[PDB]
Amino acid sequence: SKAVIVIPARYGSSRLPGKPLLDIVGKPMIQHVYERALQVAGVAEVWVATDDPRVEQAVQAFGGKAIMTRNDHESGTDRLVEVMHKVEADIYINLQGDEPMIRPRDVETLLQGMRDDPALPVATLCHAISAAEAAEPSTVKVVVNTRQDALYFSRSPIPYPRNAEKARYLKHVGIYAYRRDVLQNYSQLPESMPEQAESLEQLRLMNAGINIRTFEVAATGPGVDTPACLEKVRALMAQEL
Amino acid sequence: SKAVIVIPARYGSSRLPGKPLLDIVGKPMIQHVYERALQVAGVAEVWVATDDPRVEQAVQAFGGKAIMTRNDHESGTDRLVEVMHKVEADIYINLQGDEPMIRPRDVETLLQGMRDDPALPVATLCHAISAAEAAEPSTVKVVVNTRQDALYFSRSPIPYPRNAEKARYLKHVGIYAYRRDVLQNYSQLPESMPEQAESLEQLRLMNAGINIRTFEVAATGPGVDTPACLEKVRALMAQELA
Ligand SMILES: Nc1ccn([C@@H]2O[C@H](COP(=O)(O)O[C@@]3(C(=O)O)C[C@@H](O)[C@@H](O)[C@@H]([C@H](O)CO)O3)[C@@H](O)[C@H]2O)c(=O)n1
Ligand SMILES: Nc1ccn([C@@H]2O[C@H](COP(=O)(O)O)[C@@H](O)[C@H]2O)c(=O)n1
Ligand SMILES: [Mg+2]
Ligand SMILES: [Mg+2]
C-alpha cells in the first residue's frame, strides 16, 4: 500500500498574496508544512503541487519536491486530482498548505485508519470544541456514529441542543486521505445542493454515497488565512521553541 | 410479506394533556388516525399502543385494537419493540397518534419502498418546506443523498444557508416503517449522543449505521401539538367532510 502526500500550494490568495512564501520564524510557511510531512512514517513521497514558478523555486531551494499544475483549478482537491494522474499511489493524503502547525502524529493516525480498513474510501480528522465555538459558521461541525463515520458536515451547530448538557461538539480538521479509485472517479461527480448551500465541498462525496471516516485528535493549531491569524501562528510557533 | 401498523399513544402532554382523546368533529383524535390506517392497502393489522387505561378504553369504545405497554418507555419506537414480541409481522409501521391528517396514500408509498427493496432497514417520509418554516426547532429537518438515503436529521436548520439562495429544505414527516430485525434490537443499540441532545429517536439508528431511506410526498397537513394548530386541524378536518 503506497502512500504519498500532496500539499496544494497555489501562489494566489485573496487576503495574503504569495501566502506559501510568507516567512514564519525563519522559514517560508510551505516549508514548515513540507518538513512536517516528511516526519510522517509510512509515506513514500511528499509533493508540493503549485501553479507558480516562484513557489516551485522556493520548494526546490530547501530541498523539497515540487510539481507544476494548471493555474486555473478551482480548489486544492481539483489540483490533487491532476497530481493523481501523474503520481501513482494507492493512498493520497491532502495536507493544507496554510496549516503549518500540523502534527505528524496526527497524519499517521489518519494513514493507519486507511490501512487498518482497506475498504475505507476517505478518511479525515476532527477534534472537540465548546458549544460557544460550535456557534461560529466559519467553524465546520461534523456529527459521527459509533464507528466514527461522518453523518454530515455543517456550519450549523449540530447536534441541536434540545438538552444542552447532553450535546458534544466536533470541529472538522481539513486533512484528507483518499483511496486512488475515489480520485479516479472524482471529476464525474456532480455538485450537490447541500454542497452549494453549505459551501462545503466534502458534501459532494456524501451525496454520491462515498463514506468518510473521522478520527478524533487533540485540538489543532490555527491556520493562516488572515494577517491577524499569521501573527498568531508566528507567536505560537516561536514560543513552541 | 406481512405488514402491520402500530400507533403509539402516550396520554400525558405538557401542552395538550391527553392529546389522543382530544375531540375533532365528534371523534377522538386517535380514531381519525386509526380509521385512516385502515384505508392503507397491504397491511394485515392495525394496533394502537398505549400506557394509559383511559386511552385503552377510548380505542375499544370505537372498536379498535389496543395493547397496553410499559410506561417507562423512552420513545414510540421503543414502545413498538414491546408490541413486536406479541404481534408478528415482517414490516412494522409506526404512525404518530397526534397527526390526524395523515394520507393513506403516503403510507402506501412508504410500504412500497420497503417491499421494492427487501434490504432497506427503515423507511420514512419527507416533504419540501420554506426556509422560514425550517427555522422552527419543533419542525425536524432532513438532508439526503442522491439515492434518497438520509445523511442526517436535526432540529437545527440544515443545510446551513451559507449561500442562502441554494438552500432547499426538507421537513421530516415522523412516520416510520421498519423491518422486524430493526426493532428486535433497537432497545439494545448503544446510546446516541445526538439522540440525547436532539431528542430524536431515529438518531439511535444512524448512530448504529442502520440506513433510513427517505420518500418525498406533497406538503402534509399540520399536527395537533399546540392549541393554536389544533384549531387549524379541526377547521381543515371539517372542511374535508364538505
Ligand atoms: N416516551 C414516549 C414518548 C413519545 N411517545 C409517542 O411517540 C410518538 C412520536 O412522538 P413525537 O414527540 O410527537 O414526535 C417526534 C418529535 O420530537 O417531534 C419524536 C422524535 O423522536 C422523532 O421521531 C420526530 C421526527 O423527526 C418527526 O418530527 O418526531 C407520539 O405518538 C408519542 O405519544 C411514546 O409512545 N413514548
Ligand atoms: N484554487 C485553489 C484553492 C486552494 N488551493 C489550496 O488549498 C488550501 C486552502 O485554501 P484557501 O486559499 O482558501 O485558504 C491552500 O493550501 C491553497 O493553496 C489551491 O491549490 N487551489
Ligand atoms: Mg485556508
Ligand atoms: Mg408529533
# chains A, B, ... in the order shown; residues from 1 in each chain; ligands from 1

$ residues_near_ligand --ligand "ligand 2" --cutoff "10 Å" --atoms "only C-alpha atoms and all ligand atoms" --output "ChimeraX atom specification"
/A:7-20,30,33,48-51,69-80,94-99,174,223-226

$ write_last_selection --atoms "C-alpha atoms" --output "PDB file, in the first residue's frame"
ATOM      1  CA  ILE A   7       0.246  19.707  -0.491  1.00  0.00           C
ATOM      2  CA  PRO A   8      -1.850  22.111  -2.610  1.00  0.00           C
ATOM      3  CA  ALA A   9       0.049  25.462  -2.553  1.00  0.00           C
ATOM      4  CA  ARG A  10      -1.209  27.986  -5.149  1.00  0.00           C
ATOM      5  CA  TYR A  11       0.603  31.337  -5.153  1.00  0.00           C
ATOM      6  CA  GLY A  12      -2.563  33.409  -5.243  1.00  0.00           C
ATOM      7  CA  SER A  13      -4.615  34.397  -2.221  1.00  0.00           C
ATOM      8  CA  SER A  14      -7.352  36.928  -1.660  1.00  0.00           C
ATOM      9  CA  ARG A  15      -6.140  38.002   1.763  1.00  0.00           C
ATOM     10  CA  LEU A  16      -2.427  37.134   1.569  1.00  0.00           C
ATOM     11  CA  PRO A  17      -0.980  37.098  -1.936  1.00  0.00           C
ATOM     12  CA  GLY A  18       2.017  34.759  -2.110  1.00  0.00           C
ATOM     13  CA  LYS A  19       0.889  33.002   1.079  1.00  0.00           C
ATOM     14  CA  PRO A  20       3.102  29.897   0.625  1.00  0.00           C
ATOM     15  CA  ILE A  30       5.169  25.992   2.783  1.00  0.00           C
ATOM     16  CA  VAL A  33       4.241  22.050   6.133  1.00  0.00           C
ATOM     17  CA  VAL A  48       4.002  20.374  -3.179  1.00  0.00           C
ATOM     18  CA  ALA A  49       1.532  20.933  -6.009  1.00  0.00           C
ATOM     19  CA  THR A  50       1.932  24.554  -7.087  1.00  0.00           C
ATOM     20  CA  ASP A  51       0.953  26.806 -10.001  1.00  0.00           C
ATOM     21  CA  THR A  69      -0.119  22.103 -12.120  1.00  0.00           C
ATOM     22  CA  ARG A  70      -2.848  24.047 -14.013  1.00  0.00           C
ATOM     23  CA  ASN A  71      -3.159  27.613 -12.770  1.00  0.00           C
ATOM     24  CA  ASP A  72      -6.928  27.603 -13.205  1.00  0.00           C
ATOM     25  CA  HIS A  73      -8.015  24.901 -10.774  1.00  0.00           C
ATOM     26  CA  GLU A  74     -10.947  25.909  -8.581  1.00  0.00           C
ATOM     27  CA  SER A  75      -9.728  24.174  -5.419  1.00  0.00           C
ATOM     28  CA  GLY A  76      -6.935  22.185  -3.853  1.00  0.00           C
ATOM     29  CA  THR A  77      -8.921  18.974  -4.422  1.00  0.00           C
ATOM     30  CA  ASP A  78      -9.087  19.631  -8.179  1.00  0.00           C
ATOM     31  CA  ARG A  79      -5.313  20.122  -8.224  1.00  0.00           C
ATOM     32  CA  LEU A  80      -4.885  16.935  -6.217  1.00  0.00           C
ATOM     33  CA  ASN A  94      -4.172  16.008   1.037  1.00  0.00           C
ATOM     34  CA  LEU A  95      -2.429  18.349   3.526  1.00  0.00           C
ATOM     35  CA  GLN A  96      -3.390  22.028   3.607  1.00  0.00           C
ATOM     36  CA  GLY A  97      -0.533  24.333   2.665  1.00  0.00           C
ATOM     37  CA  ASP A  98      -1.611  27.073   5.037  1.00  0.00           C
ATOM     38  CA  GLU A  99      -1.698  24.926   8.179  1.00  0.00           C
ATOM     39  CA  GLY A 174      -9.379  19.688   6.836  1.00  0.00           C
ATOM     40  CA  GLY A 223      -4.445  28.150  10.107  1.00  0.00           C
ATOM     41  CA  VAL A 224      -3.074  31.090   8.084  1.00  0.00           C
ATOM     42  CA  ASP A 225      -5.868  32.869   6.214  1.00  0.00           C
ATOM     43  CA  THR A 226      -5.560  36.362   7.694  1.00  0.00           C
TER      44      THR A 226
END

$ interface_residues --of "chain A" --to "chain B" --cutoff "9 Å" --atoms "only C-alpha atoms" --output "PyMOL selection string"
chain A and resi 137+143-152+154-168+192-199+206-209

$ atom_distance --atom1 "atom CA of residue A:111" --atom2 "atom CA of residue A:47"
16.4 Å

$ closest_residue --among "B:21, B:41, B:81, B:235" --to "residue B:56" --atoms "only C-alpha atoms"
B:21

$ residues_around --residues "residue A:57" --least-positions-apart "2" --cutoff "12 Å" --atoms "only C-alpha atoms" --output "PyMOL selection string"
chain A and resi 11+20-21+30-31+48+50-55+59-68

$ select_by_dssp --residues "stretch 69-147 of chain A" --states "helix (DSSP H, G or I)" --output "list in words"
residues 76, 77, 78, 79, 80, 81, 82, 83, 84, 85, 86, 104, 105, 106, 107, 108, 109, 110, 111, 112, 113, 114, 115, 116, 131, 132, 133 and 134 of chain A

$ residues_near_ligand --ligand "ligand 4" --cutoff "7 Å" --atoms "only C-alpha atoms and all ligand atoms" --output "list in words"
residues 96, 98, 99, 223 and 225 of chain B
